[PDB]
Amino acid sequence: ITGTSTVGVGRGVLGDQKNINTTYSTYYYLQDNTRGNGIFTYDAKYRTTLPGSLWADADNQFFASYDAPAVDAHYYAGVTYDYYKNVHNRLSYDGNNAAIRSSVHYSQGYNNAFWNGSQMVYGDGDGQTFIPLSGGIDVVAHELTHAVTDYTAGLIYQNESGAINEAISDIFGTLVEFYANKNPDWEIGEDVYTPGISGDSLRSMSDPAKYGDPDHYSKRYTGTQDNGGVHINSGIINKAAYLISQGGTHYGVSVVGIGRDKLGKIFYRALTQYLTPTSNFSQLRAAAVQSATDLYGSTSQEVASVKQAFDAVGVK
Ligand SMILES: N[C@@H](CCCC[NH3+])C(=O)O
Ligand SMILES: [Ca+2]
Ligand SMILES: [Ca+2]
Ligand SMILES: [Ca+2]
Ligand SMILES: [Ca+2]
Ligand code: NA
Ligand SMILES: [Zn+2]
Ligand SMILES: [Zn+2]
């Protein structure tokens with residue numbers, strides 16, 4: 001909408017106070033004009049019709065319980081925008097400053113979040129498995145990274161290409177979490193998962209087997225569940241990415257860690273310059289190797305570490 005840019009204040013899902021960019025025209029809307037062609041946050045009002053209504057507030061104060069998922073969806077979309085712009089020189093998810101749209105309060109008791117081809121969508125959770133899912137910066141950045149992938153590599157959401165798609169979202173979700181530097185880790189969704197249980201999450205990149213996911217190609221899931229295992233077999237790639245960044249010895253194969261910044265550079269270049277819609281794990285290895293070669297040279301430690309990491313998870 002047309003109005004003047006304002007700065008509201010509110011609390012997120014976890015009770016943390018933060019400022020949010022809003023727009024004033026009779027009401028204060030969750031419309032951030034400071035980034036690209038805008039970040040827009042919507043209320044789905046417990047329905048499944050999307051996007052719902054652009055979030056309107058009478059006084060530019062967002063401290064109600066009902067406000068908190070919208071505060072975080074809006075704020076963390078901004079952090080993610082900043083990450084891609086400042087770290088990768090990418091302007092929004094399409095590289096041309098597309099407006100970023102998110103809806104919160106989707107459905108009732110909805111224990112998930114997703115990118116629907118056009119926008120982000122966040123459930124509130126059922127209060128037991130999840131609290132409102134926009135409270136997790138890695139969740140927000142995971143979903144927005146699906147938009148990046150869909151506008152670049154276009155990895156089909158099935159089988160090995162779908163597991164790469166999922167792993168890319170976990171990788172950059174985690175790198176945004178580290179970028180924001182609030183309780184960063186290599187787990188996915190811990191801030192909004194199971195409020196009665198400390199230390200758990202949906203997935204672990206450092207140890208996928210913690211939650212039953214494979215950490216080696218020999219353990220890949222080959223059934224039909226989960227679109228051929230896209231959230232399961234992502235663990236094989238998540239582990240390789242963790243090893244590239246942090247190093248370690250995995251099934252007797254030692255990897256020299258090269259750090260998160262270089263991990264991000266290698267995988268961003270693979271995603272945007274080498275992967276295609278049908279890329280499989282072996283083709284991802286080749287893409288990461290050639291990406292690291294482009295950036296650092298064929299004899300570099302960076303290339304050697306990419307090779308060791310994919311060796312360690314059984315991907316030739
Ligand atoms: N996002 C993953 C994990 C489940 C989220 C909670 N039910 C999936 O859709 O399978
Ligand atoms: Ca208010
Ligand atoms: Ca964390
Ligand atoms: Ca995390
Ligand atoms: Ca928990
Ligand atoms: Na699991
Ligand atoms: Zn995903
Ligand atoms: Zn998914």
Side-chain angles (χ1 to χ4, degrees), residues 11-16 18 68-69 71-73 75-80 82-83 87 109-114 122-145 157 159-160 162-167 169-239 241-242 245-246 259-260 263-264 313:
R11 275 187 303 260
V13 174
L14 299 189
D16 52 327
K18 61 198 74 183
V71 170
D72 277 344
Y75 186 93
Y76 291 144
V79 175
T80 303
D82 289 350
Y83 169 82
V87 176
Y110 187 72
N111 286 320
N112 218 334
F114 55 98
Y122 302 93
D124 290 324
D126 62 16
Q128 300 291 317
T129 300
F130 279 102
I131 60 177
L133 278 88
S134 58
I137 185 167
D138 52 2
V139 178
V140 173
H142 173 112
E143 303 304 346
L144 188 46
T145 293
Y157 206 64
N159 296 332
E160 283 187 22
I164 299 169
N165 191 321
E166 266 304 308
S169 280
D170 284 348
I171 291 164
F172 287 104
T174 293
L175 292 179
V176 174
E177 183 172 309
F178 272 96
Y179 170 81
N181 197 33
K182 321 237 176 38
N183 306 130
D185 50 57
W186 294 90
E187 292 223 7
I188 307 302
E190 67 284 341
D191 287 337
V192 292
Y193 190 65
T194 56
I197 301 174
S198 72
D200 63 344
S201 82
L202 284 171
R203 294 183 287 277
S204 172
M205 302 180 67
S206 58
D207 180 16
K210 179 181 181 182
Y211 302 109
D213 298 323
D215 60 2
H216 193 272
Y217 196 70
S218 72
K219 292 159 163 52
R220 67 191 181 283
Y221 174 77
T222 61
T224 62
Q225 287 179 227
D226 188 31
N227 295 124
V230 303
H231 298 99
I232 298 170
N233 292 329
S234 58
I236 294 155
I237 306 305
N238 283 345
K239 181 74 192 190
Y242 170 84
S245 175
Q246 305 295 293
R260 287 182 292 277
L263 171 71
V313 300

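Along the sequence shown, residues carry numbers from 1. All ligand and atom numbering here is 1-based and tracks the order in the structure. Side chains are part of it too, since the values below use all heavy atoms of this structure and drop only hydrogens, waters and symmetry mates.
Here the N, O or S atom of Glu190 that is nearest to the Ca ion (ligand 3) is OE2. Restricting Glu177 to its N/O/S atoms, the shortest distance to the Ca ion (ligand 3) is reached by OE2. The Ca ion (ligand 5) lies closest to atom OD1 when only the N/O/S atoms of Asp200 are considered. Its N, O or S atom nearest to the Ca ion (ligand 3) is what matters here, and for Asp185 that atom is OD2.
Between the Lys239 side chain and the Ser206 main chain, a donor and an acceptor come within less than 3.5 Å of each other. Although no hydrogens or angles enter the test, the distance criterion places a donor-acceptor pair under 3.5 Å between the side chain of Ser134 and the main chain of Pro69. When atom types are taken as modelled, the side chain of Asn233 and the backbone of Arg220 share no donor-acceptor pair closer than 3.5 angstrom.
Residue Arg203 forms a salt bridge (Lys or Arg N to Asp or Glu O under 4.0 Å) with just one option from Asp170, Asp213, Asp138, and that option is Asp170.
For a distance bound of 3.0 Å, the N, O or S atoms of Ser198 include none lying that close to the Ca ion (ligand 5). Among the atoms of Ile197, an N, O or S atom is found under 3.0 Å from the Ca ion (ligand 5). The Ca ion (ligand 5) has no N, O or S atom of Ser201 closer than 3.0 Å.
Rounded to 10°, the angle formed at the Ca ion (ligand 5) by OG1 of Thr194 and O of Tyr193 is 80°.
No hydrogens or angles considered: nothing links the side chains of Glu166 and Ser234 as a donor-acceptor pair under 3.5 Å. Between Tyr217 and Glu160, the side chains place a donor N or O and an acceptor N or O closer than 3.5 Å (distance only, hydrogens not considered).
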